[PDB]
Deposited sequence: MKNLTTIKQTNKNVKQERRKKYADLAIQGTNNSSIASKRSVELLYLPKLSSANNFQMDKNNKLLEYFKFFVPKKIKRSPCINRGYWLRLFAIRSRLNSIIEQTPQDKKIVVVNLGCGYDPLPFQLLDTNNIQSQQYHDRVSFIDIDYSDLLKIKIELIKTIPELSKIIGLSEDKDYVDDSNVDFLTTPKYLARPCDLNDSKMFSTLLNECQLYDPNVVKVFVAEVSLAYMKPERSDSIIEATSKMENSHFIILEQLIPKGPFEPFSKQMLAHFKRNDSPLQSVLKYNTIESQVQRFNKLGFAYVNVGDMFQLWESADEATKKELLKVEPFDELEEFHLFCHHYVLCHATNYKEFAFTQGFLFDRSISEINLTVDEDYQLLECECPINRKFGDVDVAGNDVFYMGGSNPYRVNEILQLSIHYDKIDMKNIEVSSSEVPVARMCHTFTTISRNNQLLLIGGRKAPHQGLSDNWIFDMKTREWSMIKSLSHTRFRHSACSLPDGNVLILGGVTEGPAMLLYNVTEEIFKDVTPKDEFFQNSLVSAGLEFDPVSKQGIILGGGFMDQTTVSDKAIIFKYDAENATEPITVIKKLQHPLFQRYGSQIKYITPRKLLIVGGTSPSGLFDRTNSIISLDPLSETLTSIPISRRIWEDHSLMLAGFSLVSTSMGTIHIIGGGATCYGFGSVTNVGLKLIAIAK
């Protein structure tokens, strides 16, 4: 009974172990590499200061996606506080009240007069830290026994001990620690009054950084409503969303992960979306709301900062990052009209016809790998490379049947073979007798330039001419003369290349259109020999921020030696703004568009897979049934399309350390 509550409470307190360690990972790897502009923590001699180290027992390392997300989380809270400190008259006291503070050293980072990067916080800002008693006991003991922390808040720095380890509160002029189980709304309301937070001459900033997330909506809402009664208050909440419901690919994994750790996300079940948070805050007494998800925060970072962030460590998991970012909200509310959400801080805030000719079915293809590539060489299908979860150079031969897909490994006969890789292309050439391997990467800082041909008959690999520039996440397609068009990728090389198979030559065929001034990463690409046209769909740019919302129609003149590729037409649509999608002509007048991720939001059952008639410029939805959406592991990242009917095979994703998901497999067939 009470054992259940105590256990639940301690499990929730334990989530702080994970977040503090992840923040420490960022302090270790990121902050030393970011200039004074976005360092958070530096002294007058340009030397980094550290605060998270006091609260974390070991060196910490996380995946690049996780680190990037935690830097973004640090930036989220700091940016909101900056907006308040910058606008509030400098004679006013500001009190930052951290609700479920865990071991977060933010107050120390901000109050430290050695930290020249927090100078605007040194004079009139105070802090109140609130968490469960048991957790605060530990935090306070650390504060009182660590000289650097004690000095910041004016305590004795000569003590490496405490008289009483059960003390769960702390009082100093600029920092209070106050125990409260936030599920006890009445105790919290009393606490606000004991701290005199009703004083209208004092600006309050309540922060709930993935803390209220663990509480039932009735309990978290009671806290929000209690703070609304304090004149001149802000409420900043940073927590999870499930914008498309609990069965969206990433959402499903996220909810299960938190449940398995006995710290379920309870409030998000009521507040699924950005709009639901606006309505929530309005109802609870905060009329003025500025809210967006984490990708909007990323887009808002200035260029210099973006440039540095990309250079901190190798990264190439943008689909995962899109998904993560759309699952976290940053909501900043106020209860007073005088506070302006200014330009630099402000967040900006369709029913397709259902296709009647084609439908989506399950069709198991447990190749269970991602970011390889595949092509058809006669009646046969060959998939090469990718990761599962480590990179391979293996070739699978696929035999496709209406109901399932058979697979066998192809033993190779040559002494030399291409290194294991992902994000390469693999394209049929040589009248269906060979397969061309272009580029790819090992780790993200290990883009490759070595190209190969695999001969099906002899099962021998041979290395051919290398690219002058490494290139991965490019797209490729076969042309009607048997040559191969190569588009974009992460590369310093030309935006578009043509590989002439017989001549063994690469040619820069970058079209004379301003669209091609920047390399396009993970775009859909296909060419139709019948209508003699091809399409480029979506694609990101090397800023890892911008994604094209264009479908570009182009044509190929084999007899033009200098300018064989020309743009015919550009179509623009929000559902074209995808990174890591694939496209395939179902018919000369019907292009299938599958998957990928978007910077503008999450795809759902109705728009993950759509179809475009490029001539008449019509669009339809190819809906994913409730059944397959809910009951099967879908994840349209790093997948491939094959047609002997189009099979959607391979793919998957690591969901921000909430577990991994493998795309099971789909098939698009004609409706009889």
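Sequence ranges 1-15, 365-368, 664-666, 695 have no coordinates in this entry (deposited sequence, numbered from 1, C-alpha basis).
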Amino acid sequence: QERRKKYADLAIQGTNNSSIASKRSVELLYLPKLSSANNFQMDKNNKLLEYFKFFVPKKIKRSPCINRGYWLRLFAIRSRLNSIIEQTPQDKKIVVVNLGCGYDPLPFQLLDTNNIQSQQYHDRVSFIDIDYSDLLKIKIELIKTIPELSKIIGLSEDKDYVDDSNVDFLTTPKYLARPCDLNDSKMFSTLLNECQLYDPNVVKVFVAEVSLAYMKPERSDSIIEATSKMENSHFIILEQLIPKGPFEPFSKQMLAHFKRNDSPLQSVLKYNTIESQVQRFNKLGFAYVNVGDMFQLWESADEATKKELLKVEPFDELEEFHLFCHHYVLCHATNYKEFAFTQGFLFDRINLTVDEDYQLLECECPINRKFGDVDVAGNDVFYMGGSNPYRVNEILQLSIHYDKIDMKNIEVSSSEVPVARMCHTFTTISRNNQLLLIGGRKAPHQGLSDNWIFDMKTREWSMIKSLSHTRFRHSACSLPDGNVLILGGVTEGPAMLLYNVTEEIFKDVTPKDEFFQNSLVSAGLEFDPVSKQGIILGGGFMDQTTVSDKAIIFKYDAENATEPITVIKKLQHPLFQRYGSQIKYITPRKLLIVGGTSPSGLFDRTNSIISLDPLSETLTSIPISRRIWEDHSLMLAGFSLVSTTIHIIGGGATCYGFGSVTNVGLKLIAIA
From here on, numbers count along this sequence of modelled residues.
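Here 628-636 and 602-610 are compared by their mean Cα B-factor, and 628-636 comes out higher.
Per the PDB record, of the two stretches 554-562 and 237-245, 554-562 carries the greater mean B-factor over its C-alpha atoms.
Take 273, 577, 267, 359 and read off each C-alpha B-factor from the entry; 359 has the highest. Highest CA B-factor among 78, 441, 252, 283, as stated in the entry: 252. Ranked against the other modelled residues of its chain, the C-alpha B-factor of residue 524 as given in the entry falls in the middle third. Ranked by Cα temperature factor within the chain, residue 10 sits in the highest third according to the deposited record. When all modelled residues of the chain are sorted by CA temperature factor, residue 208 is found within the lowest third.
Residue 389 sits in the middle third of its chain by CA B factor, as recorded in the PDB entry. When the modelled residues of the chain are ordered by their C-alpha B factor, residue 30 lands in the middle third.
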